[PDB]
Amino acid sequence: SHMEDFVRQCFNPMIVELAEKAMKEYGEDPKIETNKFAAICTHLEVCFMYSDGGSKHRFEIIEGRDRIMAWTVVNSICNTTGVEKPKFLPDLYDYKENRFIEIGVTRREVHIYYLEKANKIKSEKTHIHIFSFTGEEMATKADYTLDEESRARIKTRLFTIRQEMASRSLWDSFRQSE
């Protein structure tokens, strides 16, 4: 499906297997839903870079775990720190700022995606951080959590994936897909 071969050669093999394992958990096959396959791989890579931008063990990685296991660590964090349980599964937990982080990668307007995720999670205690393929970012209360250098690499990698999709003529089908 062309997009499938590009995903396997663009993303780290463990990230590709994680997106496959996550898609098959929700009854989706990455061989047909190739645009969703590239989006989950991109979201998985950004989340792993985000947690890497911290300090040693600043973040608790929620994304990439099984649906049952991810909710298990979420319950453990809520029952040890005391934060409110979120209605939807977040991506990380900031042990420094004591809040869950929700990371999104957009292809449309970066200003729009926040409006979608803000009106979804009623628990306003959890943070929200959107990255864009054009190099923009938007976080809750202007608290961008990470250092400027850590976020700049995520934007750079996001634009690199954009150029590779357009170079093989799949960016338009992937951008006009969410």
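Start at 1 and count along the sequence shown; that's the residue number.
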On mean C-alpha B-factor from the PDB entry, just flag whether 134-142 or 114-122 is the higher one.
114-122
Per the PDB record, is the mean Cα temperature factor higher over 21-29 or over 8-16?
21-29
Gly104's Cα B-factor: lowest, middle or highest third of the chain?
lowest
Lowest, middle or highest third of the chain for the C-alpha temperature factor of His57?
highest
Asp66 - which third its CA temperature factor falls in, relative to the rest of the chain
highest
Ordered by C-alpha B-factor within the chain, which third holds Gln163? Give me lowest, middle or highest, please.
middle
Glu84 by Cα B-factor - lowest, middle or highest third of the modelled chain:
highest
